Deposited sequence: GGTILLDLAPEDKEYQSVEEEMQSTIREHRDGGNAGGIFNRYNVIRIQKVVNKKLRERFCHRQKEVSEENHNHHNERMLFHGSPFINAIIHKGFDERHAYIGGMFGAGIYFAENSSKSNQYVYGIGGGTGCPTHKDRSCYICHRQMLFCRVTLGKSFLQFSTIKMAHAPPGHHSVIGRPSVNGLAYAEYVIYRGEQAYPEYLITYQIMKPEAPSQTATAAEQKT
């Protein structure tokens, strides 16, 4: 099964994962409705997910994508937030489980974008205990994943795709809202992502203005 490797805070790998998570916080158009109000996270722990079958399935797909993309995986480290997090670390990503780019598995460069989905779409009803989307008490988890993009198809309008377009492996969707769009990285096969880092954290309440 799955083994969780515990990274130490003094490790460079722990520090780079934290830095990527802290530096990619941005303001969201919903004004903090989904993920809460914060400028920084309190990182509780960073764990490396080790699972032989998930790694085998990921290697196998990686090789296929490489062959169709002039021997390039086109791998990127991206954030993912989901109420399925526990099933992801044990069984892997599952495309069988509304998005602006069709029935895919969505990844963001912004950690704050993935934080909006910890409790489900639009932040759901928030944490189970306080029903608070901006809870500063309850521990949250998000993933920092290896994502095999291969040949990405560039999408600029909302389209309901079932699979990557012919000859392609992923979709880079930019959904325009009043002319502004942040990229969403979409895969349509769970084996095209590995849940490399499990980050346990809290959002932090900014000091009163």
Report summary line: Gaps vs the deposited sequence (1-based, no CA atoms) are 1, 99-101, 214-224
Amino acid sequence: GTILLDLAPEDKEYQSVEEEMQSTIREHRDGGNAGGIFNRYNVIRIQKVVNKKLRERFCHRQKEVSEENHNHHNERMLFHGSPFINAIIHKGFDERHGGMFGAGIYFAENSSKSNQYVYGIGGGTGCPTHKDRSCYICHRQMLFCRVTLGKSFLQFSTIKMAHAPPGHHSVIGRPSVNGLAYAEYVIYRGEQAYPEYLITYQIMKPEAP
From here on, numbers count along this sequence of modelled residues.
Report task. Say whether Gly31, which has coordinates in the shown structure, is without coordinates in a third or more of the other compared entries. Result -> no
Query - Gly167 dropped in a third or more of the other entries - result: no
Requested in this report: Could you check the entry and say whether 50-58 or 172-180 has the higher mean CA B-factor?
Outcome: 172-180
Query - Between 98-106 and 78-86 (mean CA B-factor, as deposited), the higher - result: 98-106
Query raised in the report: According to the deposited entry, which of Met161, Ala34, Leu143, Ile37 has the largest Cα B-factor?
Result: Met161
Report task. Using the B-factor values recorded in the entry, state whether the Cα atom of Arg133 falls in the lowest, middle or highest third among the modelled residues of its chain. Result -> lowest
Report summary line: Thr200: CA temperature factor from the record, placed by chain third, in the lowest
Query raised in the report: Which third of the chain does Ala193 land in by C-alpha B-factor: lowest, middle or highest?
Result: middle
Query raised in the report: Among the modelled residues of its chain, does the C-alpha B-factor of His139 lie in the lowest, middle or highest third?
Result: middle
Query raised in the report: Comparing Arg29 with the other modelled residues of its chain, is its CA B-factor in the lowest, middle or highest third?
Result: highest
